[PDB]
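Scroll down for the structure; my scribbles are underneath it.
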Amino acid sequence: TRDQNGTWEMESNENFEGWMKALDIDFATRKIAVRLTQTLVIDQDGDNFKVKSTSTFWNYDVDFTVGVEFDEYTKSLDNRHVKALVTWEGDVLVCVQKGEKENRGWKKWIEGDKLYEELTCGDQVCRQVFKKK
Ligand SMILES: *C/C=C(\C)c1ccc(-c2ccc(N3CCC3)cc2)s1
């Protein structure tokens, strides 16, 4: 399924700190953020997505249209400018963020009642699993 609508509560997080270090997030922020359970809220209608990543420590929101390139400031993550594009590879939703960092972006897909996420930067991959609330 390509339908990723829902409120998604984190059940597994792997190598989150490696991904953050690859983005040059400072020590203090990394040490707090790695501890935390995350929530992902996805509103999806056709190509139009609104995504919100949250914890007790951050709120990171982005809106995009599948297949439409958009310029992006990564705001409270690593404050960088990137050229972003989200597309489908089968039923994997793939984001490529072109800029200073190589291999930067993410992939999301549904397995049953769970959402699987890869966050990539450089040679680091963070793997996450969320359960549909
Ligand atoms: C599709 C998933 C996305 C866009 C994200 C998943 C985790 C994100 C995120 C955003 C900000 C932060 N930080 C602020 C200090 C740490 C961590 C993770 S976005």
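We label chains A, B, ... in the order they appear in the structure tokens, count residues from 1 in each chain, and number ligands from 1 in the order shown.
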
Legend entry - Polymer residues at most 12 Å from region 38-53 of chain A, only C-alpha atoms, same-chain spacing of 4 or more positions, as a VMD selection string: chain A and resid 2 to 13 16 33 to 34 57 to 68 76 to 77 86 to 88 93 108 114 to 117 128 to 133

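Here CA of residue 85 (chain A) and CA of residue 101 (chain A) stand 14.8 Å from one another.
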
Inset, instruction - If you run DSSP over the backbone, which residues in region 15-129 of chain A end up strand (DSSP E or B)? Put them as a PyMOL selection string. - result: chain A and resi 39-45+48-54+59-65+70-73+81-89+92-98+105-111+114-121+124-129

Legend entry - 7 Å contact set for residue 97 (chain A), only C-alpha atoms, chain neighbours under 4 positions out, as a list in words: residues 82, 83, 84, 85, 104 and 105 of chain A

Take the residues from that selection and write them out as a compact mmCIF listing (two decimals), in the first residue's frame, keeping C-alpha atoms.
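See result_13.txt below for the written result:
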# COMPACT_ATOMS: atom_id res chain seq x y z
CA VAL A 82 18.64 21.67 0.33
CA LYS A 83 16.74 20.94 -2.88
CA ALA A 84 14.20 18.27 -1.94
CA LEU A 85 12.22 15.81 -4.04
CA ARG A 104 20.81 12.61 2.30
CA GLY A 105 17.10 11.89 2.57

Can you pull out every residue within 10 Å of residue 22 (chain A), counting only C-alpha atoms, but drop anything in the same chain fewer than 5 positions away, and send it as a PDB file with C-alpha atoms, in the first residue's frame?
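Wrote result_13.pdb, looks like this:
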ATOM      1  CA  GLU A  17      22.712   9.025  16.903  1.00  0.00           C
ATOM      2  CA  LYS A 101      25.548  16.210   2.437  1.00  0.00           C
ATOM      3  CA  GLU A 102      25.758  13.104   0.282  1.00  0.00           C
ATOM      4  CA  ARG A 104      20.807  12.606   2.300  1.00  0.00           C
ATOM      5  CA  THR A 120      20.126   8.570   5.576  1.00  0.00           C
ATOM      6  CA  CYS A 121      23.080  10.936   5.642  1.00  0.00           C
ATOM      7  CA  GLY A 122      26.551  10.191   4.366  1.00  0.00           C
ATOM      8  CA  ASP A 123      27.347   6.576   5.197  1.00  0.00           C
ATOM      9  CA  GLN A 124      24.870   6.472   8.119  1.00  0.00           C
ATOM     10  CA  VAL A 125      21.447   4.842   8.059  1.00  0.00           C
TER      11      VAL A 125
END

Legend entry - Pick from A:35, A:98, A:78, A:24, whichever lies nearest to ligand 1 using only C-alpha atoms and all ligand atoms: A:78

Inset, instruction - Give me every alpha helix (DSSP H) residue in region 6-129 of chain A, going by DSSP on the backbone, as a VMD selection string. - result: chain A and resid 16 to 22 27 to 33

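Computed from the coordinates, the CA of residue 14 (chain A) to CA of residue 112 (chain A) distance equals 20.1 Å.
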
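The shortest atom-to-atom distance to ligand 1, with only C-alpha atoms and all ligand atoms taken into account, belongs to A:106 out of A:106, A:28, A:73, A:37.
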
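Considering only C-alpha atoms and all ligand atoms, the residue among A:113, A:69, A:81, A:56 positioned nearest to ligand 1 is A:56.
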